[PDB]
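Read the structure below first, then the notes.
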Amino acid sequence: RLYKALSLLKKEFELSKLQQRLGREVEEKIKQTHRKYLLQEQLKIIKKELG
Amino acid sequence: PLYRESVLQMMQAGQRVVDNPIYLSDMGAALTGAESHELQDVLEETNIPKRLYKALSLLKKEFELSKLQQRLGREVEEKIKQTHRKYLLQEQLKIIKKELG
Amino acid sequence: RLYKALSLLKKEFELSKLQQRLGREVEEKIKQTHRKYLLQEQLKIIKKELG
Amino acid sequence: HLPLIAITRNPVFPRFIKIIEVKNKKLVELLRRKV
């Protein structure tokens with residue numbers, strides 16, 4: 001029973017870690033989104049200052 | 001915060017250098033944003049407790065308007081965080097439902 | 001004393017090896033659970049949001 | 001016996017340093033008269 005309880009604990013733990021990896025992944029993907037916009041914006045502004 | 005606290009460290013009541021408490025209370029009333037007419041009305045008072053009660057009531061009357069503004073600001077800001085945060089959650093719903101499914 | 005300490009390291013490492021391997025085999029006996037069920041879990045997650 | 005100062009929207013709380021800068025130049029004549 002103790003050993004089965006450990007197997008249940010890790011069994012949930014894998015599902016949890018999958019949820020966490022999916023979340024951090026999605027959030028970072030948002031950061032790549034906005035950040036690349038910050039880069040494109042820098043290009044835009046530098047263009048206005050000269051061109 | 002309006003003025004520096006170092007003047008408060010300079011003239012403390014436990015150093016006994018406060019030879020003129022009425023002037024300290026006037027210095028503290030200088031921090032009030034109250035109208036010059038309110039300063040004159042505090043000056044019309046002759047008894048010490050009456051001008052001290054009026055200067056404290058003036059200090060609190062400014063403190064009420066300030067506190068109402070700060071509460072209104074933190075409220076609108078928290079409303080903005082509530083706004084955007086769920087959009088982030090909805091955004092997660094999307095990002096977990098384009099290639100998955 | 002070094003041999004007895006090594007002997008303790010051997011007998012203990014062998015017990016730990018059997019425990020780590022038995023646990024790995026059984027965590028695999030839960031990994032046998034299908035990937036469809038994982039997609040179902042994620043499906044339920046797809047259901048669990050604000051709306 | 002001096003002409004009244006033009007406070008010109010400048011409260012001066014007791015025992016509190018304050019600066020005054022009236023736009024009129026006629027007070028400068030009073031400042032020079034007190035030098």
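Note on naming: chains are A, B, ... as they come in the structure tokens, residues start from 1 per chain, ligands start from 1 in the order shown.
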
From a backbone DSSP assignment, name each residue in chain C labelled alpha helix (DSSP H), as a ChimeraX atom specification.
/C:2-31,35-47

Output file for the residues above (N, CA and C atoms, as a short mmCIF file (atom, residue, chain, number, x, y, z; two decimals), in the first residue's frame):
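The resulting file, part-v9.cif, is shown below:
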data_model
loop_
_atom_site.label_atom_id
_atom_site.label_comp_id
_atom_site.auth_asym_id
_atom_site.auth_seq_id
_atom_site.Cartn_x
_atom_site.Cartn_y
_atom_site.Cartn_z
N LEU C 2 37.52 -0.03 6.24
CA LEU C 2 37.23 0.39 4.88
C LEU C 2 36.47 -0.70 4.15
N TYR C 3 36.84 -1.97 4.35
CA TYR C 3 36.11 -3.02 3.67
C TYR C 3 34.69 -3.10 4.18
N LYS C 4 34.50 -2.99 5.50
CA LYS C 4 33.14 -3.04 6.02
C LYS C 4 32.32 -1.87 5.49
N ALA C 5 32.96 -0.70 5.34
CA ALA C 5 32.28 0.47 4.80
C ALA C 5 31.94 0.29 3.32
N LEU C 6 32.86 -0.31 2.57
CA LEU C 6 32.59 -0.65 1.19
C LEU C 6 31.50 -1.69 1.11
N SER C 7 31.52 -2.67 2.01
CA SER C 7 30.51 -3.71 2.04
C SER C 7 29.15 -3.12 2.35
N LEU C 8 29.12 -2.13 3.23
CA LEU C 8 27.89 -1.43 3.50
C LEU C 8 27.45 -0.63 2.29
N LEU C 9 28.41 -0.05 1.57
CA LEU C 9 28.08 0.67 0.35
C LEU C 9 27.53 -0.27 -0.72
N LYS C 10 28.08 -1.49 -0.79
CA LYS C 10 27.61 -2.48 -1.75
C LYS C 10 26.20 -2.98 -1.43
N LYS C 11 25.99 -3.46 -0.20
CA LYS C 11 24.68 -4.01 0.14
C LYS C 11 23.59 -2.95 0.08
N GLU C 12 23.94 -1.72 0.46
CA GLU C 12 22.95 -0.65 0.42
C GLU C 12 22.69 -0.22 -1.02
N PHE C 13 23.74 -0.06 -1.83
CA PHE C 13 23.54 0.30 -3.22
C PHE C 13 22.76 -0.77 -3.97
N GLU C 14 22.94 -2.05 -3.61
CA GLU C 14 22.15 -3.09 -4.27
C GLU C 14 20.68 -3.01 -3.87
N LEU C 15 20.40 -2.72 -2.59
CA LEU C 15 19.01 -2.58 -2.19
C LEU C 15 18.37 -1.37 -2.87
N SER C 16 19.10 -0.25 -2.90
CA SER C 16 18.62 0.95 -3.57
C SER C 16 18.44 0.71 -5.05
N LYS C 17 19.30 -0.11 -5.65
CA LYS C 17 19.18 -0.40 -7.06
C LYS C 17 17.90 -1.17 -7.32
N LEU C 18 17.62 -2.18 -6.49
CA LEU C 18 16.37 -2.91 -6.66
C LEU C 18 15.16 -2.02 -6.41
N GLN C 19 15.25 -1.10 -5.45
CA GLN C 19 14.11 -0.23 -5.20
C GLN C 19 13.90 0.77 -6.33
N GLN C 20 14.98 1.36 -6.84
CA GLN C 20 14.89 2.28 -7.96
C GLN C 20 14.41 1.58 -9.22
N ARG C 21 14.85 0.34 -9.44
CA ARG C 21 14.44 -0.38 -10.63
C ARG C 21 13.00 -0.85 -10.54
N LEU C 22 12.60 -1.39 -9.39
CA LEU C 22 11.21 -1.78 -9.20
C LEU C 22 10.30 -0.57 -9.35
N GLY C 23 10.71 0.58 -8.82
CA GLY C 23 9.89 1.77 -8.97
C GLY C 23 9.85 2.23 -10.41
N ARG C 24 10.97 2.11 -11.12
CA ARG C 24 10.98 2.51 -12.51
C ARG C 24 10.12 1.58 -13.36
N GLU C 25 10.21 0.27 -13.11
CA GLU C 25 9.39 -0.68 -13.84
C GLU C 25 7.91 -0.42 -13.63
N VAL C 26 7.52 0.03 -12.44
CA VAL C 26 6.09 0.15 -12.15
C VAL C 26 5.60 1.51 -12.63
N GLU C 27 6.42 2.54 -12.48
CA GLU C 27 6.10 3.82 -13.11
C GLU C 27 5.98 3.66 -14.62
N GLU C 28 6.71 2.69 -15.20
CA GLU C 28 6.49 2.29 -16.59
C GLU C 28 5.17 1.54 -16.73
N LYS C 29 4.78 0.75 -15.71
CA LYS C 29 3.52 0.02 -15.75
C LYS C 29 2.33 0.96 -15.59
N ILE C 30 2.59 2.21 -15.22
CA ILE C 30 1.61 3.28 -15.36
C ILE C 30 1.85 4.09 -16.64
N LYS C 31 3.09 4.10 -17.17
CA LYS C 31 3.33 4.71 -18.48
C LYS C 31 2.65 3.93 -19.60
N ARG C 35 -1.61 7.12 -24.67
CA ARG C 35 -1.52 8.54 -24.97
C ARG C 35 -2.86 9.17 -25.31
N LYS C 36 -3.86 8.37 -25.72
CA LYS C 36 -5.20 8.91 -25.90
C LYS C 36 -5.72 9.48 -24.59
N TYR C 37 -5.45 8.80 -23.47
CA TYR C 37 -5.94 9.27 -22.18
C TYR C 37 -5.29 10.62 -21.86
N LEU C 38 -4.01 10.78 -22.23
CA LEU C 38 -3.34 12.06 -22.02
C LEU C 38 -4.03 13.12 -22.86
N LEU C 39 -4.36 12.80 -24.12
CA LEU C 39 -5.07 13.77 -24.93
C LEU C 39 -6.45 14.05 -24.37
N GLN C 40 -7.06 13.07 -23.70
CA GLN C 40 -8.31 13.31 -22.99
C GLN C 40 -8.12 14.24 -21.81
N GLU C 41 -7.04 14.07 -21.06
CA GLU C 41 -6.76 14.96 -19.94
C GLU C 41 -6.61 16.38 -20.44
N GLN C 42 -5.78 16.56 -21.46
CA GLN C 42 -5.64 17.87 -22.08
C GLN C 42 -6.97 18.34 -22.63
N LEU C 43 -7.79 17.43 -23.14
CA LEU C 43 -9.12 17.80 -23.60
C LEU C 43 -9.93 18.38 -22.45
N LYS C 44 -9.89 17.72 -21.28
CA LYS C 44 -10.63 18.24 -20.14
C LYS C 44 -10.09 19.61 -19.77
N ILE C 45 -8.77 19.77 -19.87
CA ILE C 45 -8.15 21.06 -19.60
C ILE C 45 -8.67 22.10 -20.58
N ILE C 46 -8.83 21.69 -21.86
CA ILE C 46 -9.44 22.54 -22.89
C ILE C 46 -10.82 22.97 -22.44
N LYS C 47 -11.51 22.13 -21.66
CA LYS C 47 -12.81 22.52 -21.13
C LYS C 47 -12.70 23.44 -19.92
#

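All C-alpha atoms of chain C, paired in order with those of chain A and superposed by least squares, deviate by 5.7 Å RMSD.
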
Taking only C-alpha atoms into account, find every residue of chain D that has an atom no more than 10 Å from chain B, and write it out as a VMD selection string.
chain D and resid 9 to 16

The selected residues should be written to file as a short mmCIF file (atom, residue, chain, number, x, y, z; two decimals), in the first residue's frame (atoms: C-alpha atoms).
data_model
loop_
_atom_site.label_atom_id
_atom_site.label_comp_id
_atom_site.auth_asym_id
_atom_site.auth_seq_id
_atom_site.Cartn_x
_atom_site.Cartn_y
_atom_site.Cartn_z
CA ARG D 9 -0.52 84.22 -4.06
CA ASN D 10 2.29 83.14 -1.72
CA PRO D 11 1.30 81.70 1.68
CA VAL D 12 4.05 81.94 4.31
CA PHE D 13 3.40 79.50 7.15
CA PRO D 14 4.92 80.43 10.57
CA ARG D 15 8.60 79.45 11.04
CA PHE D 16 8.82 78.29 7.43
#

Provide as a CSV table (one decimal) with C-alpha atoms, in the first residue's frame the residues of chain B at most 12 Å from chain C, counting only C-alpha atoms.
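Final file, out.csv:
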chain,number,residue,atom,x,y,z
B,85,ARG,CA,-5.2,38.8,-16.8
B,86,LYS,CA,-8.2,36.9,-18.0
B,87,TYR,CA,-7.3,37.9,-21.5
B,88,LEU,CA,-4.0,36.1,-20.8
B,89,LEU,CA,-5.9,33.1,-19.7
B,90,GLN,CA,-8.1,33.3,-22.8
B,91,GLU,CA,-4.9,33.6,-24.8
B,92,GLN,CA,-3.7,30.4,-23.2
B,93,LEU,CA,-7.0,28.8,-24.2
B,94,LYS,CA,-6.1,29.8,-27.7
B,95,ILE,CA,-2.5,28.7,-27.6
B,96,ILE,CA,-3.6,25.3,-26.2
B,97,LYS,CA,-6.3,25.1,-28.9
B,98,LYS,CA,-4.6,25.8,-32.2
B,100,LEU,CA,-3.9,20.7,-30.1
B,101,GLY,CA,-7.2,19.2,-30.9
